[PDB]
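So the chains spell out like this:
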Protein chains: 2
Amino acid sequence: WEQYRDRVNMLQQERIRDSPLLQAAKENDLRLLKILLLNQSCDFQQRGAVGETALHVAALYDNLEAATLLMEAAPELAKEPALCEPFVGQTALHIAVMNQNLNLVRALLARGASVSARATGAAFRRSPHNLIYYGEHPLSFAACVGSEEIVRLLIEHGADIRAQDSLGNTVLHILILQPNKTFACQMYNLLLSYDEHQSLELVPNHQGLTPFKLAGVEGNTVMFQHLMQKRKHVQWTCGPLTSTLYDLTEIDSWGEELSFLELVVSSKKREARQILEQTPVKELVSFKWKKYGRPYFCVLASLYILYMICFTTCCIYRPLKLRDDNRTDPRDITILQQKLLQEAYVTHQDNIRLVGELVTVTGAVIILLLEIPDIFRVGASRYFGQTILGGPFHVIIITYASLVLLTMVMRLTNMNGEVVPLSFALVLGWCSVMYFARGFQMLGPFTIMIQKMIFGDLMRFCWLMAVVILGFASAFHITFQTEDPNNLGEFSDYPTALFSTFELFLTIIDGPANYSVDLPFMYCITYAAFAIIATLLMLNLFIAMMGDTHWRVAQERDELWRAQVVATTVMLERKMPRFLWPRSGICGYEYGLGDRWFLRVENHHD
Amino acid sequence: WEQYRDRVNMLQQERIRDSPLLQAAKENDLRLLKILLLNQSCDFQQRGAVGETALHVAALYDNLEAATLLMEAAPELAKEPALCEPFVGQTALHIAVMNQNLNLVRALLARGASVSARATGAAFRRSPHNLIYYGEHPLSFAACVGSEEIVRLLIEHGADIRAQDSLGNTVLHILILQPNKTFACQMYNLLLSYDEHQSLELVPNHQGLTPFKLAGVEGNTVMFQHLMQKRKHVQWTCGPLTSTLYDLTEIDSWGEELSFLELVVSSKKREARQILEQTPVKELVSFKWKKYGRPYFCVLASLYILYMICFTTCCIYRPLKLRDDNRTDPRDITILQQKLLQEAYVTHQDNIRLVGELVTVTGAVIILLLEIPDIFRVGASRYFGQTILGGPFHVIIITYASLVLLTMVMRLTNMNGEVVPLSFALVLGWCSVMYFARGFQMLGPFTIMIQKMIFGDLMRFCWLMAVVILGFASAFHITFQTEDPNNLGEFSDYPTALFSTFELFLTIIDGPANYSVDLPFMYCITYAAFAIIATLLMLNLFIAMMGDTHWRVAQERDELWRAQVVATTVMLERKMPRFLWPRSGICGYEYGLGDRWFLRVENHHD
């Protein structure tokens, strides 16, 4: 894993220093190389621990002259890769081009090594174990290290540009994946300069992503504006303001089932939610949200609110009747029970309840057919994970629909205890209305601040809170086991002691003090300790830390809501029919440009 | 102490100005020195108040010509130290080298004073009274003042480097203790340049610290990185990333009973918790914590949680029986008493309680044998002081174990009132579960946030709060001494008035308002004053004060938890057996480097 690389690197260094040829290639001592290399006793074809040649060692430590002597000693020697597990296809050309040694690449290609060497090594993988992902080809290595002249020399000697390595990446896919994008613009332009006849910008991965879509997924906004310098047309400039015409061929993506915007808004990266703020995308999703996204989202919110008002008033009236058996036990105070299904629906008002039951079952099943293909369309961690797609809202919507269908099963089969899934369904369903709060600037950042504090501060407070409740509830229950439960009914046995200590943590119920009887002194001492620790400190320390993280996380949740309205926009027009959602953008067929469906913006630059 | 130095300095200045020779050496008047010292009536061997020579006075005020004039008049004055209490061995060479007077040191060593002068004076001590700790030798003075050429002159005239003063420090120990580390790197290299055959880097103090260990203790991260430049080996570089090989001979410290990391994490200094974030230490303690520290810490947390669930369960079920005597006193609610040991264990369920009581007794004694050698291993203020080592958690763990054994003594000897050590043991034991919250990023900084508010803001609020409770409880008790206790049972006598005013401070219990009777008006007036002052202002000012403290202290508790996980890691593998904890790092014996047990890192610098 991580110590296997350490072990194989130490074996590599040990096999370098044990061999005289490999250590002499490392040390760049030319005369001792001449002494051991003029004799025929030494073996030119000699492996290291990773299967490396001594030429790989000489290219590893920037030894130009040692590489020239082992090249003139054997001209076949450059055409040999390492053949062990970390470097399955690494050649001396790859090591020579990663170090940006021009004369070594010149002499090594003069000897005639393959430029199409395809290194299927574990170190050259897109993995968290590896520090870089520079490629599996020498041209990908040359572009990712940032050298123009070595790229031109590699194109001059073979090395076709359309070379797809593992995970489907070409060199244009993998220029975007690198950081430090200052020199990557000119490298992208240089590699598009030799692309002269399908184009190279449209080849997909094994994931299926376009380099445009890979720039959208990875959040590389510098490559995104570099791609939109070449996908825009400036219509006119009139003094301080200009009008220009962007192309929505690759952003809107009509014919493709996996659109660009869905791959942007459902990425695992911390960025790519700031690429929605860029000049082609911001105006498009603003027009798409204000023209159609906000009115259909508001009428969907109103329909869901009216449906769950109907479900709530369908919960308020229930088939409840008087208990047939009288109560023979004190402390038992139930007077009504759930009546049977044979006596449930006989009146007109029970028929008005029954049609509301049919409405809420129909609503639950159309929720399930809306959501379960969305569960199966993406990953399960991809659907329930991000708050951008409303993942916690998705799982409570799924839980609410399953609890309503469980209530349907319990009603028809006449099982008692319907109040427990009805109350769970009421809480989770009315908290599912909070999903529709993202469409408003007033309610959206507030709602995701609530969910992000639920994930961050609420759990970390509730662990230590449950620690304090467990300890002080154990003390409160063992202070009154010797005492009368009829004077203080709280802390009578351990579950109500735990619940009572939980309520006195939050200062909800009153402090237990029956002043007409003699309470224990140790209850006063440990209640003073509980009041200093829990009520005085822990609640106010919770307020202090959540304000302290509120002022830090406020900007992040503002831009998170700004990405969330885009995710809400592109969640629609996939589920809704296309006669509700016309194709956004100015159509180019009416003006003779060839059905590319452009979008015009006007900006004031002076 | 501090005014004794003022007194001896004023006596020194008075004895300078009273003597004509000392004042003439101070004033640098050469001619008046020639008339006074050409005559034989004056005394060359003449003391000040601190036993100083007039040559010491001439060296004190950078008087070169006067000092050389007393050299040519009397050459024996250079070989003479001050012999009084603040300067027991200070010579003219020490004063000459602290002022960086090169020609004065040249002339004074040309006359032949000792370079091995060893000043056992109170001013040259590592003490808070003294401003600097420059040494007790002239070469330590030359190193700490930062002059290369006087160091080379002192090596040129005697003055071996291996000279240990009081506290066992050599020169390389004492370069690290100085601030302003810009010039101390080249001074360190210059003093290692003449170290050519045990090495000078390995001589300890009287405390036993290595200079590497002294840099680890003092938090001198500049000297730490300078030392790790010279104990590392760069294995290779390949383009943007390089792999290098640090040595863990002095960091891991196998054979030594006082390890480097324990001396780092258990220091009194505010820094050296930032020296754990350096390049060889961060990867080592991260591998040590993720590979072994987190799983055994999690299973220790689970074992402690299950043990104290067992202890809580043995607390809930107790040998309790009905009272033999009936209640002849109202306000008394005691219905049960704890039964005798002869009748305590006769059922099956009492045997299940008894085996769990044996489990918690053996748990308490293995807590005591784990903790009491850790109390005796370090200082008692060292063990219970820092929150890095979990000192408050250590003292509440000690108190919990002693209370459980006290409960064992009270159970066997049948003393009443077991609810007092059982309730304190339950509260302190379940709050000792918070010690295991430091192993998680979600719970650790929150837990030490709680302890830092307990030490800082809770005590400073509770002093002023207990002042308000005392005053308003005195007012509330003297507003209702003339009134009926049966209508308001609170404020009946003074302890329940104090407790009731304590609860009304925290807004836990309701405001005392019996609306069916005529309450006094002055209770309403002083309750309005109490509600404005305590409930409205003081509680919310406590919220505001810990918010204002939290935004300043959040970064400090982040790095405090980052040091705390290292202290948790190195607390383990000393207590746990070595078959649970293998030796961390890449072993050098398998690769022929001489069992130095290195550690390899790979870093991306470009």
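- Looking at the entry header, you'll see cryo-EM listed as the method and 2.8 Å as the resolution.

Looking at the domain arrangement of chain A
Residues and elements named next belong to chain A.
- Taken domain by domain, chain A comprises domain 1 (1–278 + 584–606) and domain 2 (279–583).
- Computed over C-alpha atoms only, the centres of domain 1 and domain 2 are separated by 50 Å.
- Summing the contributions of domain 1 and of domain 2, the shared interface buries around 2,700 Å²; its carbon and sulfur component is 60%.
- On the surface where domain 1 and domain 2 come into contact, there are seven salt bridges.
- A salt bridge links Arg-273 to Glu-559; the shortest N-O distance between them is 3.7 Å.

A few points about the sheet that holds strand β2 (residues 241–247) of chain A
Residues and elements named next belong to chain A.
- If you walk across this open sheet you meet the three strands as β1-β2-β5, and the pairing is antiparallel. Of all the strands in the sheet, the pair left with one neighbour each is β1 (232–238) and β5 (598–604). In this sheet, adjacent strand axes meet at a mean angle of 20° when their direction is disregarded.
- Inspection of the sheet shows β2 paired to β5 by seven bridges, in the antiparallel sense. Bridge pairing in β5 places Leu-241 opposite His-604.

Observations regarding a nonpolar patch on the surface
- Nonpolar side chains collect at one region of the surface, where A:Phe446, A:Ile450, A:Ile454, A:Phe455, A:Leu458, A:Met459, A:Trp463, B:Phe440 and B:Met442 lie side by side and expose about 830 Å² of accessible area between them.
- Position of A:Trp463 among the secondary structure elements: in helix α20 (residues 444–477).
- Judged by relative accessible area, which is 53%, A:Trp463 ranks as exposed.

Describing the pairing of β2(A)
Residue and element names in this part refer to chain A.
- Within β2, six of the seven residues are buried, which leaves the element mostly enclosed by the surrounding structure.
- Two elements, β1 and β2, share six bridges in a ladder whose sense is antiparallel. Among the inter-strand pairings, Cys-238 is bridged to a residue of β2, identified as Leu-241.
- Where β1 folds back on β2, the antiparallel hairpin that results is connected by two residues, among which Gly-239 adopts a positive phi of roughly 70°.

Concerning the sheet that holds strand β1 (residues 232–238) of chain B
- Pairing is antiparallel in the open sheet, where three strands are placed in the order β1-β2-β5 (chain B). Here the strands that pair on one side only, and so sit at the sheet edges, are β1 and β5 (598–604) of chain B. Neighbour-to-neighbour, the strand axes of the sheet open up by a mean angle of 20°, direction not taken into account.
- Contacts from helix α1 (residues 3–18) of chain A reach β1, β2 (241–247) and β5 of chain B, with the element oriented near 95° to β1(B).

Concerning helix α9 (residues 148–156) of chain B
All names here are of chain B.
- Residues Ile-150, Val-151, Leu-153 and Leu-154 constitute the buried set of α9. Take α9 and look down its axis: the buried residues cluster within an arc of 160°, on one side only.
- Those residues of α9 that are buried are in contact with α6 (92–98), α7 (102–111), α8 (138–145) and α11 (184–193).
- Just past α9, the residue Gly-158 takes up positive phi, approximately 70°.

Topic: the UniProt feature "transmembrane region" in chain A
All names here are of chain A.
- The positions UniProt marks with the feature "transmembrane region" are residues 296–316, 354–376, 388–410, 417–437, 461–481 and 525–545.
- Summarising residues 296–316: 100% helix, 0% strand, and an end-to-end C-alpha distance of 30 Å.
- As annotated, residues 525–545 has a helix share of 100% and a strand share of 0%, and its two end C-alpha atoms lie 28 Å apart.

As for the interface of chain B and chain A
- Taken together, the contact between chain B and chain A spans 70 residues of the former and 73 residues of the latter.
- For the pair chain B and chain A, the summed buried surface comes to about 6,600 Å²; carbon and sulfur atoms form 70% of the total.
- The three residues of chain B that bury the most area against chain A are B:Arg331, B:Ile333 and B:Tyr591, which together make up 12% of that side's buried surface.
- At the junction of chain B with chain A, the criterion picks out three salt bridges.

Quick look at helix α18 (residues 391–412) of chain B
- Here α18(B) spans 32 Å end to end across 22 residues, near enough to the 32 Å set by a 1.5 Å rise per residue.
- Backbone geometry just downstream of α18(B) places B:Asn414 in the positive-phi region, at approximately 60°.

Considering the packing of helix α5 (residues 64–73) of chain B against α7(B)
Residues and elements named next belong to chain B.
- Direction vectors running N to C along α5 and α7 enclose 5°, while the axes themselves pass 10 Å from each other. The angle between α5 and α7 places the two elements in the roughly parallel class. Across from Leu-64, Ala-67, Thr-68, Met-71 and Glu-72 in α5, the residues of α7 making contact are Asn-103, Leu-104, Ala-107, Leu-108 and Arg-111.
- When grouped by side-chain class, the residues that make up the contact of α5 with α7 number six nonpolar, two polar and two charged.

Details of the nonpolar core
- By size, the foremost hydrophobic cluster in this structure holds 108 residues, and its most contacted members are A:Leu108, A:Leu191, A:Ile251 and A:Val265.
- With seven residues, helix α22 (residues 521–571) of chain A is the single largest residue contributor to this core.
- With near-sequence residues (within four places) excluded, A:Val265 lies in contact with A:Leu276, A:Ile388, A:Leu389, A:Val566, A:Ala567 and A:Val570.
- Counting 103 residues, the second largest nonpolar core, distinct from the first, contains B:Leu93, B:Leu209, B:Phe260 and B:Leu276.

Some thoughts on the state of the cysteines
- Across all of its chains, the model carries zero disulfides over all chains by this definition.
- Lacking any disulfide linkage, A:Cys185 is separated from the closest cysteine sulfur, that of A:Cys144, by 14 Å.
- Free of any disulfide, B:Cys314 has its nearest neighbouring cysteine sulfur in B:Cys310, separated by 4.6 Å.
- Residue B:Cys314 is classed as buried on the basis of its relative accessible area, which comes to 10%.

Some thoughts on the environment of A:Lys232
All names here are of chain A.
- In this fold, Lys-232 is placed in strand β1.
- C-alpha of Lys-232 to C-alpha of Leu-245: the two residues are 13 residues apart in sequence and 5.7 Å apart in space.
- Residues within four places of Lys-232 in sequence aside, it is in contact with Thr-244, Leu-245 and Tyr-246.
- At a separation of 3.3 Å, a polar atom in the side chain of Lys-232 contacts the side chain of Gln-229.

Topic: unusual backbone geometry
- Even without a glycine there, the phi angle at A:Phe491 is positive, about 55°.
- Among the secondary structure elements, A:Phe491 is positioned in the loop between α20 and α21 (494–505).
- With relative accessibility at 1%, the residue A:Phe491 sits in the buried group.
- Backbone geometry at B:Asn28 places phi at a positive 55°, although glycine is not the residue there.
- Examined against the element boundaries, B:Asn28 turns out to sit in the loop between α2 (20–27) and α3 (30–38).

Examining the relation of the copies chain B and chain A
- Between the two copies, chain B and chain A, the superposition gives an RMSD of 0.2 Å; the rotation angle is 90° and the shift along the axis is 0.0 Å. Viewed as a symmetry operation, the transformation between the two copies matches a four-fold axis. No C-alpha of chain B lies nearer the rotation axis than that of B:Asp510, which sits 4.6 Å from it.
- Interface overlap between copies: only 7% of the residues of chain B at the interface are likewise at the interface in chain A, consistent with a contact formed by different surfaces.

Details of the packing of helix α15 (residues 279–316) of chain B against helix α22 (residues 521–571) of chain B
Residue and element names in this part refer to chain B.
- Contact pair α15 / α22: the axes reach a minimum separation of 9 Å and the direction vectors enclose 70°. Between α15 and α22, the crossing angle belongs to the class labelled roughly perpendicular. Along this stretch, α15 crosses α22, giving a crossing that reads as left-handed. Along its contact with α15, which presents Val-285, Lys-288, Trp-289 and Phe-297, the element α22 presents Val-565, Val-566, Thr-568 and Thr-569.
- Class assignment for the residues of the contact of α15 with α22 results in five nonpolar, two polar and one charged.

Calculation criteria
Residues numbered from 1 in each chain as written, not as in the entry; some residues may be left out. Chains lettered and ligands numbered in written order. Part of a larger assembly, values for the part shown. Heavy atoms only, no water. Domains from an automatic or database assignment. Buried area = accessible area lost by both parts, 1.4 Å probe. Salt bridge = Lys/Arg side-chain N within 4 Å of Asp/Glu carboxyl O. Pairing = 2+ DSSP bridges. Helix = DSSP H or I, 4+ residues; strand = E, 2+ residues; numbered from the N terminus. Axes fitted to C-alpha atoms, helices over the stretch in contact; angles between N-to-C directions. Patch = residues over 30% accessible without salt bridge, like charges linked within 9 Å, V, L, I, M, F, W, Y side chains within 5 Å. Areas by Shrake-Rupley, 256 points an atom, 1.4 Å probe, with all protein chains shown as cover. Buried < 20%, exposed > 50% of the residue type's maximum accessible area, 1.4 Å probe, protein only. Contact = heavy atoms within 4.5 Å. Arc of directions from axis to C-beta. UniProt positions renumbered as here; feature names shortened; annotations may be inferred. Expected span 1.5 Å × (residues − 1). Parallel < 35°, antiparallel > 145°, perpendicular 65-115°, else oblique. Nonpolar A, V, L, I, M, F, W, Y, C, P; charged D, E, K, R; others polar. Core = buried A, V, L, I, M, F, W, Y, C linked by side-chain atoms within 4.5 Å. Disulfide = S-S within 2.5 Å. Polar contact = N/O pair within 3.5 Å; in protein donor to acceptor, adjacent residues only side chain to side chain. Least-squares fit on C-alpha atoms. Left-handed = near helix turned anticlockwise from the far one by under 90°.

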